[PDB]
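Engineer: Questions regarding the structure given below will be posed in turn.
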Amino acid sequence: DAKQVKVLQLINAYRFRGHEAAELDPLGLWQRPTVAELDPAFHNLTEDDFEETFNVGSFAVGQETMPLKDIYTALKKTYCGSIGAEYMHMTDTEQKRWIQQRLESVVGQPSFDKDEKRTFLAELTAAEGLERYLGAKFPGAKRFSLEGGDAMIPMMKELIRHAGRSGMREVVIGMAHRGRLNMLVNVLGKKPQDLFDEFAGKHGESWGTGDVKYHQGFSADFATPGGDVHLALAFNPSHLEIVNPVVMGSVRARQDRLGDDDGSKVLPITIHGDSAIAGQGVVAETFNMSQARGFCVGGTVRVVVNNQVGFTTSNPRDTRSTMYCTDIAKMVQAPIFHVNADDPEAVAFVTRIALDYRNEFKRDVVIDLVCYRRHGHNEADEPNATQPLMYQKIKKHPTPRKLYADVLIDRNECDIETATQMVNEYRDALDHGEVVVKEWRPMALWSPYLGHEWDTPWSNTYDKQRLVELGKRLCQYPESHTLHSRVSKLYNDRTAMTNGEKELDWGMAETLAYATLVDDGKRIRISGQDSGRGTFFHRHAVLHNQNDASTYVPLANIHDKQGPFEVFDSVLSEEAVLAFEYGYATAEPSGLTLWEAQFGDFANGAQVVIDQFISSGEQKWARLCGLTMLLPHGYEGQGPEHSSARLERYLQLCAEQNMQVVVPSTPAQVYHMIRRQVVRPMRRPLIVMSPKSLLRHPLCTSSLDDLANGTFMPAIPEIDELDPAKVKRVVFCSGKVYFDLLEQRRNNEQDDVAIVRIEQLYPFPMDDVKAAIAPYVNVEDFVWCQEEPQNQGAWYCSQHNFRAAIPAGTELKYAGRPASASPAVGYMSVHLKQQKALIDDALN
Amino acid sequence: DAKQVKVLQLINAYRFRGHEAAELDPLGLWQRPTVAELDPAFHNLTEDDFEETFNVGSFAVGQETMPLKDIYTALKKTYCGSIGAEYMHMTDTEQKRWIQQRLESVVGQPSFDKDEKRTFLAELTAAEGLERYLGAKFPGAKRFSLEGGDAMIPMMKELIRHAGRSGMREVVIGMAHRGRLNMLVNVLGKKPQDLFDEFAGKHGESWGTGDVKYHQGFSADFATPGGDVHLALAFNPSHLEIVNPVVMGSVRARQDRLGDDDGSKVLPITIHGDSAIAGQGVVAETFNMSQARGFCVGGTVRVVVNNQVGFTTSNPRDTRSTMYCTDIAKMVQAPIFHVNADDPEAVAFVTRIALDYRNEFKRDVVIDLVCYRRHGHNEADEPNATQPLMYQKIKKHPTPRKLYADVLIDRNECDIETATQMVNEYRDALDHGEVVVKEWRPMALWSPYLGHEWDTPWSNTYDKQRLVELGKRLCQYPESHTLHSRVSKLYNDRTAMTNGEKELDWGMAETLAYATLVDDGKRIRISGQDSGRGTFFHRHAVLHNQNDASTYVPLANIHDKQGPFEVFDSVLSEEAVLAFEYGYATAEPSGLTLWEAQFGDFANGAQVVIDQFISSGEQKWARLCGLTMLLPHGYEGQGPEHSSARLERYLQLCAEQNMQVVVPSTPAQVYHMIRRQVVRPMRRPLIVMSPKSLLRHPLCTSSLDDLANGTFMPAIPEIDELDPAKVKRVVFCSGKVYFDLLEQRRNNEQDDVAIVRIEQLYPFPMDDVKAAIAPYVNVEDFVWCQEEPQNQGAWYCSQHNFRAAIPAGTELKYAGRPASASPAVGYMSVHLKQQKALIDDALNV
Ligand SMILES: Cc1ncc(C[n+]2csc(CCOP(=O)(O)OP(=O)(O)O)c2C)c(N)n1
Ligand SMILES: Cc1ncc(C[n+]2csc(CCOP(=O)(O)OP(=O)(O)O)c2C)c(N)n1
Ligand SMILES: [Ca+2]
Ligand SMILES: [Mg+2]
Ligand SMILES: [Mg+2]
């Protein structure tokens with residue numbers, strides 16, 4: 001019959017658009033626009049057709065032939081009840097068929113054991129009960145209450161029980177304020193008495209400068225039917241979405257260490273607010289990384305706490321441009337399960353389906369938990385002033401605990417005395433103040449401490465013969481591989497440096513430093529835009545065959561039993577990428593983790609990660625991060641965005657030994673700088689002003705002797721054979737400007753002015769600067785020289801450090817570019833005239 | 001008839017997935033994976049069925065019944081040739097039927113007039129010819145050549161010709177490096193000789209410190225069959241996608257000024273690279289704004305220069321997580337037209353469809369121009385070292401101009417002599433150096449210069465009876481409107497302030513300042529998270545009815561003929577939002593344009609806009625931007641992210657009078673500060689350290705007399721009746737710390753130490769500070785006091801300004817928080833101890 005074809009189009013119409021008419025809002029507040037396609041009359045089916053049997057076809061109901069009365073009911077139960085599945089936009093036929101099997105076979109309605117139902121009720125009770133307790137015990141205090149979205153707690157425990165049920169070993173969570181204290185107490189097993197002690201202010205005992213209670217992270221073991229599973233909740237700042245990239249980098253470092261090439265042992269989970277996930281662009285930057293080979297973690301389960309309001313903003317036309325906040329997920333074709341949070345069984349049922357999807361297909365999946373915010377944005381705020389109707393409806397809306405208990409009683413699946421005792425047993429458990437999570441376990445088996453002082457001794461030396469054999473292996477590539485003539489010219493030059501015929505350039509000394517690290521079995525993860533070859537054609541860590549596209553990585557082939565070596569050409573992001581590498585370095589300190597800006601000027605698109613994480617995470621959260629940032633830097637006439645890494649900004653952020661700001665000027669210096677970062681037992685961030693023109697400067701060279709038997713020099717004394725008595729002025733400087741100073745002093749045959757580099761600006765190396773200055777007893781004045789404008793660079797932030805170094809009688813003077821609004825002139829002509837001007841002011 | 005249902009599923013398979021098998025790559029380089037659904041056998045159609053006639057259904061070919069062999073030919077011609085249409089993900093049925101009509105009715109192959117074909121050939125000729133000329137005249141110089149994507153120039157001229165053809169009046173373009181120099185010369189009408197002089201370095205005659213040649217913008221009139229259309233190409237920095245939000249704010253200010261409610265008179269256009277559009281999150285932030293009220297511009301035409309490489313990265317698994325760089329567009333259900341760039345008629349056909357779609361449905365549309373990059377990422381780079389196979393293929397790939405010329409000749413629509421002469425006539429036109437755009441026209445009639453010095457006089461005073469009458473109208477609301485009792489309590493307090501019963505609070509003086517600005521007919525646009533009510537429950541510019549949802553905006557109801565007033569609750573973005581307000585303010589200087597951070601700590605997620613636009617756009621591009629940034633600031637024990645607007649960073653960025661950094665401490669000061677921003681003839685950015693606790697501080701109050709008859713004070717002298725001779729120490733300070741200093745000095749019964757506010761830190765008000773210091777001839781030492789840690793705040797950047805101020809005998813000292821990695825402690829208890837310590841260190845002598 002033609003009607004059998006019409007039944008088939010109706011079935012797909014619900015699969016495409018049934019979620020648009022689904023009962024997803026707990027409050028029932030605003031009606032959904034009608035969709036004609038969901039009505040059989042749109043397909044010319046009438047009541048006479050409704051009594052006739054039909055064939056389901058692809059509808060996976062488990063009965064080949066059905067009356068239309070049950071087919072129409074099955075479609076509404078599957079696609080228009082509590083669950084709104086948005087998945088047909090996906091192009092993979094196997095994945096869409098897979099989701100149809102999960103939903104359509106059960107006809108939407110899920111089945112759980114009565115013990116499973118009693119667990120969801122107790123988990124709702126713990127969520128509501130902890131929040132009503134804090135509002136009584138600490139009225140008015142800022143706790144970002146979960147109330148109205150209490151199903152997030154049973155959804156989360158069901159995720160973790162389901163992770164161990166399918167063999168996952170670790171779960172890493174990154175989230176925001178909403179439900180944060182409920183997570184700490186009711187899933188991660190933080191003791192309630194310790195939460196009560198923080199509200200009273202009696203928590204103490206640290207020189208961590210600290211952070212507010214709803215930014216804290218936690219760790220615990222958590223019993224699951226598959227056994228104990230490690231749990232980790234990240235620290236995060238107030239900035240709303242940026243923790244998500246950091247958690248992605250942590251789990252990748254975990255998956256890399258464990259040899260989990262399919263991310264099936266470590267489950268990442270991120271929790272988002274509905275307004276934050278739509279407005280913040282780092283969400284899309286992270287979705288773009290979800291399958292990038294250098295950042296993929298096997299897929300993330302993403303849960304949105306969609307309380308249909310963001311602070312005081314509730315109009316959909318003010319927050320976003322689409323019907324759902326989750327539509328950003330369609331960029332990577334993620335299935336999206338909207339679910340009513342007043343239907344806990346639907347929440348757990350969609351939660352298992354979402355996890356099963358992520359593990360079957362190793363792809364991101366999103367759970368839209370549609371709910372409400374019972375109170376104001378925080379408990380001191382009045383929501384009626386801006387959402388009067390939403391809170392007149394919430395004020396007469398019963399809690400999800402009460403609602404679910406009413407359903408189990410109607411179905412004779414529970415009795416009211418059991419539901420009542422859970423409310424009171426939980427309140428008594430909070431009064432005792434001990435852990436209230438049944439499933440919590442003490443962690444099973446942390447040293448070595450990596451907070452040691454920057455001037456701690458380290459093994460700078462390396463075997464000179466081992467260093468040359470490493471260099472020879474780097475120059476070797478398969479004979480069949482054919483290099484571009486410029487790359488083989490470069491490896492031919494590296495072959496001469498290994499023979500002693502030519503002093504090493506910057507790239508060889510950098511490559512050698514990586515080689516000694518993997519030679520000792522330590523990991524190297526490099527990341528950046530065009531980091532394999534290098535923006536300035538200097539690295540060439542990856543060699544591409546000129547016949548086929550095949551690559552060969554000499555640093556990955558040094559010897560068997562080497563530490564792993566990876567260098568990824570990153571995606572066009574700096575915010576999410578630098579946050580990813582921050583989470584990688586903190587989770588796995590032992591190796592070298594290095595991010596490379598293509599120019600240091602672009603690093604400011606990750607300014608939140610620099611401000612709220614790198615420079616401040618130790619004082620705030622006791623986190624040590626060894627991440628190294630290569631920021632190309634130097635004034636060469638290329639204009640405002642290709643001159644300044646904003647060195648002045650990193651120096652301004654320096655305090656309390658939080659960071660290292662280094663400006664190497666020699667290939668040997670960058671070699672020792674990189675090894676000290678791994679070799680020295682300190683893991684604090686290394687901000688590097690990477691050279692550009694110095695990669696090929698003829699005077700910027702170092703012998704093999706300088707690497708094997710040298711050390712990193714925080715300050716470098718005068719190098720030419722000046723007589724110390726003859727000096728009348730000492731010029732402090734950093735970076736390439738020294739090389740312009742040196743050649744001009746030699747061209748003048750000037751021996752009355754010494755030049756002293758300060759390779760490490762923070763922490764300031766006091767005695768190394770004084771030691772370089774000591775021989776010049778006749779000195780009368782000192783000069784700070786810099787290519788950079790005076791309102792930028794090291795001048796404003798490092799004046800007191802230089803002044804403390806110099807003898808008391810002498811005064812210090814400035815020589816450099818004038819202060820300016822823009823980092824650099826746009827014209828090359830004006831730049832060279834400025835360069836000659838400042839170089840002459842310093843030497844006269 | 002069972003095969004008839006199978007034919008319909010085959011037709012929809014191509015509508016859904018034909019683009020996966022389309023020939024989109026000019027190079028033919030990498031084969032695409034088979035989609036099973038596109039071949040009939042998958043649907044049990046065999047050759048015997050191919051001879052039978054079938055019903056096309058909704059297939060819009062213009063014939064209801066067709067043999068299957070010709071339905072299959074029509075489907076491959078429509079969805080598997082040069083055009084790859086991705087639109088079935090959209091949920092609006094009408095928009096899908098609209099696209100099917102355009103595409104299926106021409107059966108893939110579209111028809112153009114012979115003049116239109118000769119125009120696309122000449123426009124391809126100018127695109128190739130200009131770049132080969134620059135490579136000949138200036139070998140090795142960095143010009144980001146369009147070559148391989150030459151189809152872009154005819155596509156752009158067809159976008160503009162079709163805009164005026166349908167009555168649009170302005171077109172505003174924002175783009176990147178790729179094809180930038182070709183855009184200026186061959187679309188915008190920049191003189192080639194001025195471009196050649198910039199390559200030679202002979203450009204001069206400006207105090208703009210300037211920028212590189214491929215960041216410059218341009219303006220022109222452009223003849224179209226419907227008449228002249230204004231053209232505007234934005235200045236942009238090197239940061240790749242950030243210009244896009246700025247262009248959205250520029251056309252929105254244009255649509256607002258023109259009374260264009262639906263943006264049908266001003267067309268926004270954005271051009272993107274394949275790697276940047278996938279990696280940068282500001283792209284998704286702007287897509288989220290496309291239908292937000294208060295940022296919607298009626299839809300943007302977005303063009304991707306998809307040359308399948310970004311610098312040295314060409315592997316898809318390293319650049320993105322999806323098959324197409326454009327898949328982010330699906331977040332807003334934008335249709336996406338992939339098109340092979342070696343088929344200019346396909347490019348022009350899809351370009352007309354994209355504009356017609358954007359004007360019919362006022363929604364974003366994307367044109368994916370699939371092409372190649374003929375040279376390296378720039379002309380000094382070697383691309384073979386990292387993409388050997390792509391450049392062995394490009395090295396033997398003929399240019400789009402030659403390829404199109406071969407097609408017009410093979411079809412006898414053109415002759416080889418006509419195509420040859422275009423190549424040579426164009427090279428001669430470039431040698432002469434005059435404008436080469438035939439459609440270019442001189443602009444028709446920019447004089448109230450707004451770069452005047454910050455100390456320029458302005459009309460600070462306002463009539464006091466009008467100021468009180470403005471306040472009475474602000475307190476009036478409709479009888480049917482019902483306020484929440486806290487809001488009615490607040491307007492009753494404002495009703496008391498208008499009568500003189502009570503001094504004005506911070507919110508009343510701020511609202512009053514807005515009222516005087518709209519009262520004189522000037523525009524006010526405020527934007528920021530929860531900016532309607534205010535994060536701190538102080539503004540309440542929008543009044544929500546407690547019975548229905550209706551709003552009432554008292555500032556929009558001052559009197560008829562007032563300037564428009566708008567206050568928008570922004571999206572949860574700061575980067576794309578602050579870039580949008582930068583483009584609004586720069587395009588429309590005359591009014592007040594204000595962005596409000598929810599806390600000043602959150603502005604650093606828009607740090608690129610602050611660095612590359614706000615702090616540097618005047619020296620780089622001669623752009624005046626009057627935008628005001630409200631950044632809440634102040635140490636109150638709320639922690640590292642709720643204390644510091646990073647004042648030290650803005651002070652570090654101050655040079656060459658680029659910005660204003662102000663810390664008002666009185667309700668009257670913010671009133672005069674806001675009016676000075678519009679009433680004074682200067683349009684430079686205003687960075688404001690907004691108070692938090694001062695909004696309710698009993699001592700932070702001002703009389704109506706201070707607003708009507710006062711003025712903004714860059715520095716505020718001692719307010720208490722101290723005798724100058726008895727003073728022994730002067731304490732400089734700004735912001736709320738003054739009130740902690742003042743209240744402590746009164747509790748101590750101390751008359752030996754004066755306290756002087758410095759409301760404007762940059763540009764530094766020298767003589768006003770010296771004037772405040774003059775009476776204290778007996779002073780022995782000076783102190784800068786600040787809540788901030790010593791490495792933050794004003795200490796490092798303003799030391800020389802204070803030291804040059806003080807009398808020669810005296811020396812300057814510091815009193816404030818110790819330097820720290822974090823902006824603020826996480827514990828309230830600790831906060832107080834530090835506050836009492838620094839306040840006591842300043843007052844003890
Ligand atoms: C990056 C960033 N910008 C601004 C803020 C200030 N802020 C904190 S919470 C909030 C609203 C959050 O709305 P939503 O995402 O829906 O989360 P909810 O609290 O409603 O659960 C805003 C704008 C922030 N914390 N982070
Ligand atoms: C925000 C930002 N990050 C980094 C850079 C440095 N950069 C300039 S061009 C480029 C590659 C651009 O690739 P694509 O988007 O495809 O544009 P194309 O030049 O190939 O057309 C990079 C990483 C930049 N200009 N802006
Ligand atoms: Ca961003
Ligand atoms: Mg919310
Ligand atoms: Mg590209």
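Residue numbering restarts at 1 in every chain; chains get A, B, ... in the order shown in the structure tokens, and ligands count up from 1 in that same order.
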Please extract the residues at most 9 Å from ligand 1, counting only C-alpha atoms and all ligand atoms, and provide them as a CSV table (one decimal) with N, CA and C atoms, in the first residue's frame, using the chain letters and residue numbers of this document.
Structural biologist:
chain,number,residue,atom,x,y,z
A,144,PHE,N,27.4,27.7,45.0
A,144,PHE,CA,26.6,27.8,43.7
A,144,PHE,C,25.8,26.6,43.6
A,146,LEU,N,23.3,23.6,43.2
A,146,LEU,CA,22.8,22.7,42.2
A,146,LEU,C,21.3,22.6,42.0
A,176,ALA,N,32.6,23.9,36.2
A,176,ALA,CA,32.5,25.2,36.7
A,176,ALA,C,31.9,25.3,38.1
A,177,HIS,N,31.3,26.4,38.5
A,177,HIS,CA,30.7,26.6,39.8
A,177,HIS,C,29.5,25.8,40.1
A,178,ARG,N,28.6,25.5,39.0
A,178,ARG,CA,27.3,25.0,39.3
A,178,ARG,C,27.4,23.5,39.8
A,179,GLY,N,26.9,23.3,41.0
A,179,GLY,CA,27.0,22.0,41.6
A,179,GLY,C,28.4,21.6,42.0
A,237,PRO,N,40.0,28.4,37.3
A,237,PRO,CA,39.7,29.8,37.7
A,237,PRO,C,38.3,30.2,37.5
A,238,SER,N,38.0,31.5,37.7
A,238,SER,CA,36.6,31.9,37.5
A,238,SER,C,36.3,31.9,36.0
A,239,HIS,N,37.3,32.1,35.1
A,239,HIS,CA,37.0,32.1,33.7
A,239,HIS,C,36.4,30.8,33.2
A,240,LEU,N,35.3,30.9,32.5
A,240,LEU,CA,34.3,29.8,32.5
A,240,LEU,C,34.6,28.6,31.8
A,241,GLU,N,35.1,28.7,30.5
A,241,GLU,CA,35.3,27.4,29.8
A,241,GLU,C,36.7,26.9,29.6
A,242,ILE,N,37.7,27.7,30.1
A,242,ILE,CA,39.1,27.4,29.8
A,242,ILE,C,39.6,26.1,30.4
A,272,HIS,N,29.5,22.0,31.7
A,272,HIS,CA,29.4,23.4,31.2
A,272,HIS,C,28.1,24.0,31.6
A,273,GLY,N,28.1,25.4,31.7
A,273,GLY,CA,26.8,26.1,31.7
A,273,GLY,C,26.3,26.4,30.3
A,274,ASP,N,25.0,26.6,30.3
A,274,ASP,CA,24.3,26.7,29.0
A,274,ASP,C,24.7,28.0,28.2
A,275,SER,N,24.9,29.1,29.0
A,275,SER,CA,25.3,30.4,28.3
A,275,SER,C,26.8,30.4,28.0
A,276,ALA,N,27.6,29.8,28.9
A,276,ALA,CA,29.1,29.8,28.7
A,276,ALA,C,29.4,28.9,27.5
A,277,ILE,N,28.8,27.8,27.3
A,277,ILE,CA,29.2,26.9,26.2
A,277,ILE,C,28.8,27.5,24.9
A,278,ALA,N,27.9,28.4,24.8
A,278,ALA,CA,27.5,29.1,23.6
A,278,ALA,C,28.4,30.3,23.3
A,279,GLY,N,28.7,31.1,24.3
A,279,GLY,CA,29.5,32.3,24.0
A,279,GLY,C,31.0,32.1,23.9
A,280,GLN,N,31.6,31.1,24.6
A,280,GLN,CA,33.0,31.1,24.7
A,280,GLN,C,33.6,30.3,23.5
A,304,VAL,N,26.1,19.5,29.7
A,304,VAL,CA,25.6,20.9,30.0
A,304,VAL,C,24.6,20.9,31.1
A,305,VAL,N,24.9,21.7,32.1
A,305,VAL,CA,23.9,22.1,33.1
A,305,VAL,C,23.0,23.2,32.5
A,306,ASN,N,22.0,22.8,31.8
A,306,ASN,CA,21.2,23.8,31.1
A,306,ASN,C,20.0,24.2,32.0
A,307,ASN,N,20.2,25.2,32.9
A,307,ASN,CA,19.2,25.7,33.7
A,307,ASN,C,18.5,26.9,33.1
A,308,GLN,N,18.6,27.1,31.7
A,308,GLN,CA,17.8,28.0,30.9
A,308,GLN,C,18.0,29.5,31.3
A,309,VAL,N,19.1,29.8,32.0
A,309,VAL,CA,19.4,31.1,32.4
A,309,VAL,C,20.9,31.2,32.6
A,310,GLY,N,21.4,32.4,32.4
A,310,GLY,CA,22.8,32.7,32.7
A,310,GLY,C,22.9,34.0,33.5
A,311,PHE,N,23.2,33.9,34.7
A,311,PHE,CA,23.1,35.0,35.7
A,311,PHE,C,21.7,35.7,35.5
A,312,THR,N,21.6,36.9,35.1
A,312,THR,CA,20.4,37.6,34.9
A,312,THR,C,19.8,37.5,33.5
A,313,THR,N,20.5,36.9,32.6
A,313,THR,CA,20.1,36.8,31.2
A,313,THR,C,19.4,35.5,30.9
A,314,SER,N,18.1,35.6,30.5
A,314,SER,CA,17.3,34.4,30.1
A,314,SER,C,16.7,34.4,28.7
A,372,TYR,N,16.5,23.7,35.9
A,372,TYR,CA,16.3,25.1,36.4
A,372,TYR,C,17.3,25.5,37.5
A,373,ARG,N,17.4,26.7,37.8
A,373,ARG,CA,18.3,27.2,38.9
A,373,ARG,C,17.3,27.6,39.9
A,377,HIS,N,21.4,33.5,40.9
A,377,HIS,CA,22.7,33.1,40.3
A,377,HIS,C,23.7,32.7,41.4
A,378,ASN,N,23.6,33.4,42.5
A,378,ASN,CA,24.2,33.0,43.8
A,378,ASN,C,23.1,33.4,44.8
A,608,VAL,N,44.5,34.4,28.9
A,608,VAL,CA,43.9,33.9,30.1
A,608,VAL,C,44.7,32.7,30.7
B,528,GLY,N,27.4,44.4,27.5
B,528,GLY,CA,28.1,43.7,28.5
B,528,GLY,C,27.2,42.7,29.2
B,529,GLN,N,27.8,41.7,29.9
B,529,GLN,CA,27.0,40.7,30.6
B,529,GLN,C,26.2,41.3,31.7
B,530,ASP,N,24.9,41.0,31.7
B,530,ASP,CA,23.9,41.5,32.7
B,530,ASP,C,24.0,43.1,32.9
B,570,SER,N,24.8,41.1,26.9
B,570,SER,CA,25.7,40.5,25.9
B,570,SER,C,25.7,39.0,26.0
B,571,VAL,N,26.3,38.4,25.1
B,571,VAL,CA,26.5,36.9,25.1
B,571,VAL,C,27.7,36.6,25.9
B,572,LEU,N,27.9,35.4,26.3
B,572,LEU,CA,29.0,35.1,27.2
B,572,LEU,C,30.2,35.0,26.4
B,573,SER,N,30.6,36.2,25.9
B,573,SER,CA,31.8,36.3,25.2
B,573,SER,C,32.4,37.7,25.6
B,574,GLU,N,33.7,37.8,25.7
B,574,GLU,CA,34.3,39.1,25.8
B,574,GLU,C,35.2,39.4,24.6
B,597,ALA,N,32.8,45.0,31.3
B,597,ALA,CA,33.1,43.7,31.8
B,597,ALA,C,32.3,43.4,33.1
B,598,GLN,N,32.0,42.1,33.3
B,598,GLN,CA,31.3,41.8,34.5
B,598,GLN,C,32.2,41.9,35.7
B,599,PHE,N,33.5,41.5,35.5
B,599,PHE,CA,34.6,41.9,36.4
B,599,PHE,C,35.7,42.3,35.5
B,601,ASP,N,38.6,41.5,35.7
B,601,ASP,CA,39.5,40.4,35.6
B,601,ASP,C,39.3,39.6,34.3
B,602,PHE,N,38.0,39.7,33.8
B,602,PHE,CA,37.7,38.9,32.6
B,602,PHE,C,38.0,39.6,31.3
B,603,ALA,N,38.5,40.8,31.3
B,603,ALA,CA,38.8,41.5,30.0
B,603,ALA,C,40.0,40.8,29.3
B,605,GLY,N,40.5,37.9,28.3
B,605,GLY,CA,40.1,37.1,27.2
B,605,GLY,C,39.8,37.8,25.9
B,641,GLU,N,40.1,36.3,40.9
B,641,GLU,CA,39.4,36.7,39.7
B,641,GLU,C,38.3,37.7,40.0
Engineer: Please check which protein, DNA or RNA residues sit within 8 Å of ligand 2, counting only C-alpha atoms and all ligand atoms, and write them as number ranges by chain.
Structural biologist: A: 529-530, 572-574, 597-599, 602, 605; B: 144, 176-178, 237-242, 272-277, 280, 305-312, 373, 377
Engineer: Write out, as a short mmCIF file (atom, residue, chain, number, x, y, z; two decimals), in the first residue's frame, the residues just selected, with C-alpha atoms.
Structural biologist:
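The result, stored in result.cif:
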data_model
loop_
_atom_site.label_atom_id
_atom_site.label_comp_id
_atom_site.auth_asym_id
_atom_site.auth_seq_id
_atom_site.Cartn_x
_atom_site.Cartn_y
_atom_site.Cartn_z
CA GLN A 529 52.12 25.96 14.57
CA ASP A 530 54.52 24.61 12.03
CA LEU A 572 45.34 27.33 14.44
CA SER A 573 44.78 28.10 18.06
CA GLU A 574 46.80 29.43 20.81
CA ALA A 597 54.26 30.43 19.24
CA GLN A 598 54.81 31.12 15.56
CA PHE A 599 55.60 34.64 16.79
CA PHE A 602 50.40 35.90 19.04
CA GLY A 605 45.35 35.13 22.44
CA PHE B 144 50.51 37.17 0.05
CA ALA B 176 43.21 38.50 5.89
CA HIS B 177 46.56 38.43 4.03
CA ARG B 178 45.53 36.06 1.23
CA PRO B 237 46.19 43.30 12.42
CA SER B 238 48.14 40.10 11.78
CA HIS B 239 45.89 38.15 14.21
CA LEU B 240 43.88 36.10 11.85
CA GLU B 241 40.14 36.00 12.49
CA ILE B 242 39.69 38.91 14.90
CA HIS B 272 38.78 33.51 5.83
CA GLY B 273 41.62 31.07 5.36
CA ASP B 274 40.94 27.34 5.67
CA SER B 275 43.16 26.83 8.71
CA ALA B 276 42.20 30.00 10.59
CA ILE B 277 38.42 29.53 10.34
CA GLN B 280 40.03 30.28 15.98
CA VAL B 305 39.91 30.82 0.69
CA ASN B 306 40.27 27.05 1.04
CA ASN B 307 43.71 26.42 -0.48
CA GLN B 308 44.03 23.16 1.49
CA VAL B 309 47.12 24.31 3.41
CA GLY B 310 47.96 26.61 6.28
CA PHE B 311 51.61 27.68 6.22
CA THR B 312 53.46 24.32 6.32
CA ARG B 373 48.25 28.21 -3.08
CA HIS B 377 53.04 30.48 2.30
#
Engineer: Which polymer residues have any atom within 9 Å of an atom of residue 433 (chain B), counting only C-alpha atoms, with same-chain residues fewer than 6 positions away left out, as a VMD selection string?
Structural biologist: chain B and resid 191 to 196
Engineer: Which one is closest to chain B: A:156, A:332, A:422, A:504? Count only C-alpha atoms.
Structural biologist: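 Result for the nearest residue to chain B: A:332.
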Engineer: Any idea which chain A residues end up within 6 Å of chain B if we count only C-alpha atoms, as number ranges by chain please?
Structural biologist: A: 89, 209-212, 238, 276, 279-282, 284-285, 288, 291-293, 312, 317-321, 327-328, 330-331, 385-386, 388, 484, 530, 544, 546, 571-573, 605, 608, 616, 655-656, 820-822, 825-826
Engineer: Could you tell me which of A:627, A:75, A:124, A:371 comes closest to ligand 4 if we count only C-alpha atoms and all ligand atoms?
Structural biologist: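 Smallest distance to ligand 4 is found for A:371.
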Engineer: Using DSSP on the backbone coordinates, identify all residues within region 325-384 of chain A classified as helix (DSSP H, G or I); present the result as a short mmCIF file (atom, residue, chain, number, x, y, z; two decimals) with C-alpha atoms, in the first residue's frame.
Structural biologist:
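Dumped to out.cif:
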data_model
loop_
_atom_site.label_atom_id
_atom_site.label_comp_id
_atom_site.auth_asym_id
_atom_site.auth_seq_id
_atom_site.Cartn_x
_atom_site.Cartn_y
_atom_site.Cartn_z
CA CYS A 325 22.96 26.05 23.44
CA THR A 326 24.56 22.76 22.33
CA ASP A 327 24.43 23.42 18.58
CA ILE A 328 28.16 24.25 18.58
CA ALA A 329 28.64 20.47 18.98
CA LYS A 330 27.31 19.89 15.46
CA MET A 331 30.61 21.22 14.07
CA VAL A 332 32.09 17.79 14.86
CA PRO A 344 16.24 10.61 36.53
CA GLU A 345 15.75 7.26 34.82
CA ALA A 346 15.92 8.98 31.44
CA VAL A 347 19.03 10.81 32.65
CA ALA A 348 20.82 7.60 33.62
CA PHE A 349 19.60 5.87 30.45
CA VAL A 350 20.94 8.64 28.19
CA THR A 351 24.13 8.72 30.31
CA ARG A 352 24.87 5.07 29.61
CA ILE A 353 24.08 5.60 25.93
CA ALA A 354 26.39 8.61 25.78
CA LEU A 355 29.27 6.73 27.39
CA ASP A 356 28.67 3.66 25.24
CA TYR A 357 28.78 5.88 22.19
CA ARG A 358 32.07 7.51 23.20
CA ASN A 359 33.70 4.14 23.77
CA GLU A 360 32.27 2.39 20.70
CA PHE A 361 33.19 5.16 18.22
#
